[PDB]
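K.L.:
Need a 3D model of the sequence below.
(chains A and B, ligands or ions: 2)
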Amino acid sequence: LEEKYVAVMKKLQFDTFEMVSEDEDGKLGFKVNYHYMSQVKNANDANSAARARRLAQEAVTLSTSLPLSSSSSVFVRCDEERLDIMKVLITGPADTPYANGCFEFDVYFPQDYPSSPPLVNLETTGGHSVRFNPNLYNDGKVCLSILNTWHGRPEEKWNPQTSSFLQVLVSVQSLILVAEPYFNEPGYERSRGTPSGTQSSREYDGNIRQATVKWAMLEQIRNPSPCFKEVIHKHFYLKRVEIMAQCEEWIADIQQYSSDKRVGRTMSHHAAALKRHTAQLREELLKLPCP
Amino acid sequence: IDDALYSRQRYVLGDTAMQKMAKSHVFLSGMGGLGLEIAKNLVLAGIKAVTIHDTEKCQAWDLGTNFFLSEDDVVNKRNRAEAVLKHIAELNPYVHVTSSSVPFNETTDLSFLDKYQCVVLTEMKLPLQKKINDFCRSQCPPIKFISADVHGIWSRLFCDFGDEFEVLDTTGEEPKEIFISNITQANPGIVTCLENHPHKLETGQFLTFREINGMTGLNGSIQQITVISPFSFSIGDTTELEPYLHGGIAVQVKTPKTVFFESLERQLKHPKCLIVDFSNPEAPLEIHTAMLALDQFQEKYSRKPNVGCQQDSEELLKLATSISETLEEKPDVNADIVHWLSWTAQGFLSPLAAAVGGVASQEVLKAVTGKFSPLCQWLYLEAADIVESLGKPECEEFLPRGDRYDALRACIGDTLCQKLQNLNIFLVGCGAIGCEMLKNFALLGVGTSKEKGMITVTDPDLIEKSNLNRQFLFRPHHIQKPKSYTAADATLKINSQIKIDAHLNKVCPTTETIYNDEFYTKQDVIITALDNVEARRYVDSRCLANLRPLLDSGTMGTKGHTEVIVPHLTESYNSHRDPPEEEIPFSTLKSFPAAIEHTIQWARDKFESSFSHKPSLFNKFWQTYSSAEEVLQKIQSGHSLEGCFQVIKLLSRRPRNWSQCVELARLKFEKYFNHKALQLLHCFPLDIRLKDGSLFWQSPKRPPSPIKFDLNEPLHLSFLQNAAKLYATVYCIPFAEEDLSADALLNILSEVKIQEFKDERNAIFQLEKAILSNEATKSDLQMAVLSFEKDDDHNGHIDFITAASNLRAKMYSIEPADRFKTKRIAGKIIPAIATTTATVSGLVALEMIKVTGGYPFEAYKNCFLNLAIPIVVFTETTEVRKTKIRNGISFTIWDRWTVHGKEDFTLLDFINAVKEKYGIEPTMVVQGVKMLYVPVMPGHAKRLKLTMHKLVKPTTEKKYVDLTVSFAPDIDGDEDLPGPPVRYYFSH
Ligand SMILES: O=P(O)(O)O[C@H]1[C@H](OP(=O)(O)O)[C@@H](OP(=O)(O)O)[C@H](OP(=O)(O)O)[C@@H](OP(=O)(O)O)[C@H]1OP(=O)(O)O
Ligand SMILES: Nc1ncnc2c1ncn2[C@@H]1O[C@H](COP(=O)(O)OP(=O)(O)OP(=O)(O)O)[C@@H](O)[C@H]1O
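P.N.:
Numbering: from 1, shown residues only, chains lettered A, B, ... in the order given. Ligands and ions are numbered 1, 2, ... in the order given. There you are, the coordinates:
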C-alpha cells in the first residue's frame, strides 16, 4: 500500500497554479484567499533582482528534494507568473496527535530576500479558535528561531549565505509536529515523568486530537482550497481504512481516563466531541467519489 | 513650553536645556552673510533676547550675500542692522529682537557688555578682538567669546569659554542597561554579564546597581569599573558581602566634566586646531599661518590684496614666511595656499558661510546651556578643491561686472557662473533641507538664465504647525497649504529672475507615467531630501537607468551625512545594502515585557487591532452579504463563512448608549489588567524550576501582579475616559462633555458588576436573538474606522496609549513614562534641529558645484559629522568595482546591453542574438518580478516558440522593456552568475 501511495503522489509534489490575474489597469485580482494581500499590493517595487536569481536556484532543489513518504509528505504550489507567492500543505506524521492531518501555510517573500527570511502564516486555525501547538499561536503566527531576527545566537538566525527554504520546511515538519507537543513549552520539561505531567499531557493530547479531527479532515473535505483540491481528494481516498482505525483507537483510548476526578469532565467532553465529529466524518468518507 | 512649536527640539536639547535657554541675552556684531545666518539660526532656536549691531550701510554689493535686503533698501541707504530688524522678528514672535549702532573702537567703553552672556564677533579687526576677548574672560562670571570670519573660500572659527568651563553631559547618548549574571566574592570582585549582549563598556565609567538578591550591600551603590573581557569587568572588594544569588541590573551614570581654555592672544602662537581631513593632518597649521599673514597685511596696507597683482602675492608670501618661523612648532609654508588666498581675498562663498553659521550657532547653544562638549579650540573649513581643478585661469575672468553676482564671480570665475545659470535640476522633497537648498539656489542664481534653466520641486504634504520651527520659508498664516507652492512663492521674493516649476505629486512607482525617461534625460542633477529609505532606493534605481548624477543627504538629531554619486565613477546607493535591526521577539512583546518600549509597542498594537482592523473586517463582511437573515440561512445549511465567529461576536456585544460604552470600557480594563496576570500565574507558578534548577521567573523575565481598579487614581480615571470616548466614536454613539465628569462615571458604575475569573450553536442563537430584536438594520451594519493621528491634541489617541502603557508597566513593576516620551516612541518621531540641516545643506551646495564642473574623481568628497562631540570627517567616495563572469568579460553597475528585435521575434531568437553578440548564453529571463522563462518549472519548455510581443504584454507608449538574465556557472551546483540588465527594443 505504501509503495502505491508513494508512486501516485510523487507526480504532485511540485506544480504551478493561477492565483493572480492582472487587468488592463495593472490592478491585481486574487482568485484565492491569501493572507498577505496588503503587502503584495503595496510593494510593487521592481528594484529587486537578486531575489529572482535566488528563487530560480531554489526551484531546482524544490522540484526533487521534497520529503515524500507514507508517514509524511510536503506539497508546494506557486503562481503561474509571480515568484513571491507560494502555498504549502503538510501532512502530519504518524504516531502523533496530528496524524494524517492536512495543514495549509502561506509563504511570502519580501523584496530584500534573501537578506531577510520569508514570512510564513498558518491558515488551518479554524477561525482562530484553536491553538494547535505552543509554537503555533491561534492567530496564525508561526514562530521559529530561523525565521526570527534578534539577538539570540549567531548560529540561530537567518543566515543569508547558508539558510534555505527547504531547511525551513524540514525544520517545521520535524520540530513542530512531534509525539508529545505538551512538553515543547520550556518550564514543563522539569515535571517530565511525574503523574501530574502525564495527566496534563493526556488532557492536551485529547484536546489536540479532537481539534485536528474537526478542522483538519472534515472541513478540508467539505471545503477544499482550489489549489490543493486534487491532492486532498487523492490523499483521503487512499487512506480511509487507516483513518477509521486510528479514529476508533483514539475514541477507545480517551475513555480510559473518564473515571478520573481531576480531568474526568474534560476527558468526557473531549470524547463526546470526538464521537460527534467521527459520526459525520464517516458519512463524508463513505460518499467520497473515486478520483 | 508650547510643545506644538518645540516638539522636535526638546528631544534633542532636553527640558533643563530649554529652561536655561530662556533668560539669556546674546550680543551679535557684524551683519554680513555669516552674521545673518547666525542670527537666523539663533532666533529659530528660541533664545529670549537677541541684540544685533552694525554700523555700515547697505550697498549694491551686499545684495549677493543677504537674502533679506531689497533694491529699495539700497536706494534709501538704510543702516544694515535696521533694514533686517522687521523681517527677522517675523521668524519667531516669542523672541525679543533689538538693534544697536554704537561705534566700536579702541576707546569705546566695554562696560555695557556685562549685561549679555555670550558675544559673537564677525568682520572685525584683530586688535579689537584681542582687547574684547581680554575684557570678557576677566568677568565674574566670565562671558563667553566666539569669533568667526569668511574670506573667499577660507573660514576661521574660534572659541573661548573662560579659564574653566563645566559640561553636564559629555556625549548626550542615553545610558544603556545590562543584566548581571554572576558576581564573585573576591578582591577585586568580578562581575559576569549575561549570555551574549556584551556590556560595550570602557574602563573609568561609573555604574549603579539595583534589585540584587543576596548581595544587598551593592544595591544603590556607585562603583568605578575596569573592563577585563567583552562580557565582564571588575569592581572593588566584595569579600565582606553575602554570596550572590541571582538577578541584578546595572545602568551607566553620567558625570560632569571640566575643560580648560586659553586667551586669544596666547592661542595665536600654537593653536590647538581640529583635524577634519586625515589625508593632510598638517593643513590647519598652514591655513592658520596664511590667515594670520593676511590679517597682518590688511593692517599694514589698510586694504585687501588685489587679484592678479603678483607683487601683492609676493608681499603676502614674505609675510607668511616671516610669521611661520615665529610659531612654536615651526611648520612649513604652503605656497599654493598663499597664492590662492591672495587670488580670492575679496570674494565670498555663500554655502561655506551657511555651514560655518550652522556650526557657530551650535557652539552658542553649547555655551549658553552647557549641554554638550564645546569645541577646543579652532576650526578651519575650506573648499580649495573647487579651484584646484581650474588650472591657471586668467585674471580678467574674475573681475567684477556690476551685478548681484560679483561676489560669486570673484570667487569661482565667470565661466563656471555661466554654466551654473543654465542648470536644469530636479529636487525631491521639500522638508527642512529643501528650504535651505532653495535659499542656496536663489543666492547662487541657479537656473536664472532666460534661454535655459528650470527647477522642479515636488511634495505632496501640507504645512503643519510644528514644521515652522525648522523651515524658515513658512509663516503661521500658511498652515494647511501646499509646501511646494509656498516655497516657490517665498523663493521668488529673494530673486526675481528665478524660474521655478512646482508640483504636488509624490515620487512613487504609480506616478512613473509622468516622470518618464525623457524627463530624467532632460534633467542634469537630482537632489534628494527624503526621510525614508524606500523612496531613496527607488529614486536611486531610477537615476541609475539614465546615467544622471545623484546627491543624497540626511540628518538625525546632531548627526548628518552626505553622499555623492557620479556616473561611471562611483558606486550607487544600493551598493551599500545596510544591516537590519533587532525586532522584539513575539514572546517578549506579548507576555514577558522587560522595558517601557515593550509596553508602549503593545499598547500601540492593541489600539490598532481594536480600532482599525476589526472595523474594517466588520464592514467588509457585512458588505459581502446583503442581509443578516441570508447569513443565518447559509449558516443553518452548513455553509462555511470566513471569520463568521468574530463578526457575530462583535455584533452580539454591540453597545447601544453611553452607559453601555462605559461598562464596556470597564470590562476591557478588567480583562486587560486583572485576568491576564492571574492566568499567567496559574499557568506558571512562581516557584517552578527548569531542568538545571534555576527559577523560571528569572531575569530578564519579571513576574506580574494584578491591579485593583479604583476611580480615585488619576491614571485609572484617564484610561476609563479615553476608552469610553474612543468606543463611543467607533460605534457612533452621541455623547456630551459633561458625561466625562468623575461624578457621572461614579453614578454609572454604581450598578455594574464584575464577573469572576476562572460554539456554532451559541453563535446561531445570538444571531437569531439579534434578528428577532430588529437589531440587524442597515445602520447597525456600519462601523466607523479610526486612524492614528499623533499631532491631534483632542482625539485622545496619545492619552489612551500612554494610560494603557503606564498601567501595563505598573502591572509588571516597571518605571512609567511621561506623555512626551510615549508620543515620541509610538510615533517614531525623528528629532531634528536647524543647525545640522543648515550645515548639510551648505555641504551639498558645495558638492553640486564640483558635480556641475565635471571635475575628475579625486575632487569629490563625502562627509560624516556629529556636532555633539564635535567631529567632522571627509573621505573620498567609494570607487566603482569591476565584476567579471566568464571568458574575461566584465561589467560595472552602469552597463546595459541592448537587443534590437522586430514583430515576429521569438524567445529563441532573443537567446541566440544575445549569445552571438556577447558570447554567452543566458539561462533565465525575468521581467522585474514577473518571470518569462525558467527551464526548471513545468510548461516553460514550449515557451521557446512564442512571439516576444505576446510574451511581454507591453504598453503602447513604451518602445522597449528591461529584462534581467543569468548565466550557467562553470561548475555545477553553484549559484548562477548574475549579469547586467538587458534592454529589448520591439522594432527599429
Ligand atoms: O484581538 P487581539 O488584539 O489579538 O486581542 C485578543 C482578544 O482580546 P480583546 O478583544 O479584548 O482585544 C481576545 O478576546 P476575543 O476578542 O477573541 O474574545 C483575547 O482572548 P480571551 O478573551 O480568551 O482572553 C486574547 O487574549 P488571549 O490570547 O490571552 O486569549 C487577546 O489577545 P492579546 O490581548 O494578547 O492581543
Ligand atoms: N515619496 C515622496 N515623494 C515626495 N515627497 C516625499 C516623499 N517621501 C517623503 N517626502 C517629503 O519629504 C519631506 C520630509 O520633510 P522632513 O524630514 O522635514 O519632515 P516631515 O515629513 O515634514 O515631518 P516630520 O518632521 O514631522 O517628520 C516631507 O515634506 C514629505 O512630503
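K.L.:
Can you get me a residue count around residue 196?
P.N.:
I'll assume chain A. Counted with other Cβ atoms under 10 Å in any protein chain shown, residues neighbouring residue A:196 total 9. Using the backbone N, CA and C atoms, a C-beta is placed for each residue, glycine as well.
K.L.:
Correction: the question concerned chain B.
P.N.:
By other Cβ under 10 Å, the residues close to residue B:196 number 10.
K.L.:
In this model residue A:153 seems to touch it, though I could be wrong.
P.N.:
Yes - using Cβ atoms under 8 Å, residue B:196 is in contact with residue A:153, at 7.2 Å.
K.L.:
where's the closest residue to ligand 2 within the stretch 601-750 of chain B relative to residue A:160, distance?
P.N.:
Ranked by Cβ to the nearest ligand atom, the top residue of the stretch 601-750 of chain B for proximity to ligand 2 is residue B:604, at 17.4 Å. Distance, residue B:604 to residue A:160, using Cβ to Cβ, to the nearest Å: 30 Å.
K.L.:
of the two, who's got more company?
P.N.:
Comparing residue B:604 with residue A:160 by neighbour count (other Cβ under 10 Å), the higher total belongs to residue B:604, at 19 against 14.
K.L.:
Quick check: residue B:490 vs ligand 2, distance?
P.N.:
Taking Cβ to the nearest ligand atom, to the nearest Å as the criterion, residue B:490 is separated from ligand 2 by 15 Å.
K.L.:
ugh, wrong one, I meant residue B:780
P.N.:
Separation of residue B:780 from ligand 2 (Cβ to the nearest ligand atom): 39 Å.
K.L.:
So what's the residue count around the residue lying closest to that residue once chain neighbours are set aside?
P.N.:
When the adjacent residues along the chain are set aside, residue B:780 lies closest to residue B:654, with 7.2 Å between them (Cβ to Cβ, 6 or more residues apart in numbering or on different chains). Number of residues near residue B:654 (other Cβ under 10 Å) recorded here: 13.
K.L.:
again with residue B:390
P.N.:
Look at residue B:390: counted by other Cβ under 10 Å, it has 15 neighbours.
K.L.:
Over to residue B:961?
P.N.:
Using other Cβ under 10 Å, residue B:961 has 17 other residues around it.
K.L.:
and it, helix, strand or coil?
P.N.:
strand (DSSP: H, G, I helix; E, B strand; the rest coil).
K.L.:
How about residue A:233?
P.N.:
Assignment for residue A:233 (three-state DSSP): helix.
K.L.:
what's the nearest residue to the closest residue to ligand 2 within chain B if we skip its chain neighbours?
P.N.:
Proximity of chain B to ligand 2 (Cβ to the nearest ligand atom) peaks at residue B:431, 2.2 Å away. Of all residues not flanking residue B:431 in the chain, residue B:529 sits nearest, at 5.3 Å (Cβ to Cβ, 6+ apart).
K.L.:
same deal with residue B:226?
P.N.:
residue B:234 (4.0 Å).
K.L.:
which residues touch that neighbour?
P.N.:
Contacts for residue B:234 (Cβ atoms under 8 Å, 6 or more residues apart in numbering or on different chains) come out as B:188, B:189, B:190, B:191, B:225, B:226, B:227, B:228.
K.L.:
Now with 7 Å, please.
P.N.:
By Cβ atoms under 7 Å, 6 or more residues apart in numbering or on different chains, the residues touching residue B:234 are B:188, B:190, B:225, B:226, B:228.
K.L.:
what does the stretch 51-200 of chain A have sitting close to ligand 2?
P.N.:
For the stretch 51-200 of chain A, no residue is in contact with ligand 2 (Cβ under 6 Å from any ligand atom).
K.L.:
Please disregard the earlier target; I meant chain B.
P.N.:
Neighbours of ligand 2 within chain B, by Cβ under 6 Å from any ligand atom: B:428-432, B:458-461, B:467, B:483, B:506-508, B:530-532, B:535, B:830.
K.L.:
Can you name the residue of the stretch 601-750 of chain B nearest to ligand 1?
P.N.:
Closest point on the stretch 601-750 of chain B to ligand 1, by Cβ to the nearest ligand atom, is residue B:609, at 3.7 Å.
K.L.:
Distance check, the closest residue to residue B:167 other than its chain neighbours against residue B:14.
P.N.:
The shortest distance from residue B:167 to any non-neighbouring residue, by Cβ to Cβ, 6+ apart, is to residue B:257 (4.8 Å). Per Cβ to Cβ, residue B:257 is found 17 Å from residue B:14.
K.L.:
These two: which is more packed in?
P.N.:
Neighbour count, other Cβ under 10 Å: between residue B:257 and residue B:14, residue B:14 has more, with 16 against 12.
K.L.:
so who does the more buried one touch?
P.N.:
Residues in contact with residue B:14 (Cβ under 7 Å, 6+ apart) are residue B:371.
K.L.:
The stretch 51-200 of chain A: helices as residue ranges?
P.N.:
A:165-171, A:195-212 (DSSP state H, counting those that start in this stretch).
K.L.:
Show me how far the first one is from its chain's centre.
P.N.:
The gap between where helix A:165-171 is centred and where its chain is centred comes out at 13 Å by Cα atoms, centre = their mean, to the nearest Å.
K.L.:
mind listing what's buried in it?
P.N.:
A:165, A:168, A:169 (16 or more other Cβ atoms under 10 Å in any protein chain shown).
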